[PDB]
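Structure 1 and structure 2, given next as structure tokens, are two forms of the same protein chain, each shown alone.
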Structure 1
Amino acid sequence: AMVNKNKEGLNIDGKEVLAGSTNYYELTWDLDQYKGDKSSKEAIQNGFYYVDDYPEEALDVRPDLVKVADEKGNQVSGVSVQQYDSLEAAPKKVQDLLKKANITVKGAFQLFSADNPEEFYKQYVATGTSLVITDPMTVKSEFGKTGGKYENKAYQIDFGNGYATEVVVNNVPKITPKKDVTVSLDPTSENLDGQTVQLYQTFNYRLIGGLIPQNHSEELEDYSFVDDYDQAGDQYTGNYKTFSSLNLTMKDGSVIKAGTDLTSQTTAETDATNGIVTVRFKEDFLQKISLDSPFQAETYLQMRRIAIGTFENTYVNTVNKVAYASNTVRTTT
């Protein structure tokens, strides 16, 4: 058995996992088969190992969180974990172990081993004490821009033979903020990116957040719009509105329809010196969104064009404090 869980222990097999989130994998190390009639000599001679072929393209292991315990949570000492970048890179003894076990791995993997086979056998195997490996791995923050599926595979090795656990699959959503320029709050209004904005005119920067898909694995703690605008051409008026981009289902079962004004569920911080405005969703509002609901929102910053020339703007949508830059717009005055 292998399962993936979020930090609060919720099973998240098959779920969408945001860049920066952690997969708290739990691998079951089943020692039940030793209640059979093979000898301790056969068990100890072969040793006790577990292999995790983790998806190194998507995930970074958190070795500081790797732990081995029994089913009651008693921590188990004497199990070591070694990470290897590839099979070729691993020592001959490890290569041979996997070969004999009928295992192949893709790229990097981890090997868990009983440091002291005889004592492992006496204290854990012979007492019918199965173990639980906690093996957390974080989605690379970068990956959130390309997105894609990843798969974690594990194998237990007993009497020198490897047996696969289940494979757990997850997906990383591509988070792709977009920035438009408008003179209206209507979502169908014309995008002025690439066009002219007259001197002294009021206009909006439309900051469309990334789409958090339904069936996501972690609470939303942060969903912010950060806009360091060019003060040589633009002045933020101190007025903005934020709207839902989609229907949102809340944990209680209520629904906020697409296009609802969510400005009262946000706060804004403005830096007048540097020409930066940051609009954040209130944490208590984000907590109300169901994990099964998609989430997306957009913010219209009301601006004034205060000088002639060509000016660009880009914004950053942070999602659980991970930054995703929008496209860069350009207007001429």
Structure 2
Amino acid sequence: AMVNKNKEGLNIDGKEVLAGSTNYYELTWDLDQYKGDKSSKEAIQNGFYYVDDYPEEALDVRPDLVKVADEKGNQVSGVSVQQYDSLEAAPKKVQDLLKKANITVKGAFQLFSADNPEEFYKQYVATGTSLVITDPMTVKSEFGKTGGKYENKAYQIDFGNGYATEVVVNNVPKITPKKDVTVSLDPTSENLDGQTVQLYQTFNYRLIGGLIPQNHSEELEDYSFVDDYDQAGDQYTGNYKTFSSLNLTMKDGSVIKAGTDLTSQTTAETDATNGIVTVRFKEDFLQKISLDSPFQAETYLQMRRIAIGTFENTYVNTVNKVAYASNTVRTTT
């Protein structure tokens, strides 16, 4: 058996997992059927292992959180774990036992090993006592820029013979912030990217956040718009508005309609000297969004053009503290 969970313990098999989130896998090292086993010395000496072939393109193991526990919840001594970057890089002994167990891995994998096959056998195997491996891994930050499926595969090796235990699939959504230039808050208004802005004209930078899909695996804790604008040409006026980009369903079942003014659910921080403004969603609001709802929002920063010339803007949308850059807009004065 294999299941993926979030930190709070919810089953998240098949769910959308944001870059930066952790997959708290629980792998059952299933020894129940061996109660009253009568296998030979040589079969026992063939050993007991658990193999997790994790998808290293997408995930990094969190080695400090990896645990092997018995049925009382106590850590198991005499079991160790090593993570290898490939079969080729693995010790010869490891290559050989995988071959014998008839296990194929792709790229990087972990091997959990019974240090002393005879002691492990006497204690857990012949007694039919199953163990639970907690094996947390984090989605690579950069993967959020392309997104896509990943799957975790595991194998159990009993008496040197291996077999597949389970596969769990998840998907990483692609987070793609967008930046437009407007002279209106109407979402249908013309984009002035690539066009002219008059000297001392006010206008908006429209910062459209990335889309968090429904069926996501954990709470949203951060959704921010960080705009380091070019203060040689642009001045932030101190005014902004933030709107929902989609219909949101809250944990209480209420619905916030697309286009609703959510400015009061945000805070703002300015650095005029360095020409930066940051707008962040409040936890009080983010914690109310259903895990089964999408989330997306957009901020209109009111600017003033304050010099002749050509000026660019880019903003960064952070989503649970992973940064994603928007396109770069350009206007001329």
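Residue indices: 1-based, along structure 1. The term rigid core refers to the most C-alpha atoms you can superpose between the two forms while keeping them within 1.5 Å.
Would you mind telling me which residue of 126, 169, 255, 199 shifts its Cα by 2 Å or more between the two structures when the core is superposed?
-> So the residue whose C-alpha moves 2 Å or more is 126.
Look at residue 37 and decide if its Cα position differs by 2 Å or more between the two structures after superposing on the rigid core.
-> Superposed on the core, residue 37 moves its C-alpha 2 Å or more between the two structures.
Would you mind giving the Cα movement of residue 274 between the two structures in Å, after fitting on the rigid core?
-> That residue's C-alpha is offset by 0.8 Å.
How many angstrom apart are the two C-alpha positions of residue 100 between the two structures, if you fit on the rigid core?
-> Residue 100 is displaced by 1.6 Å at its C-alpha.
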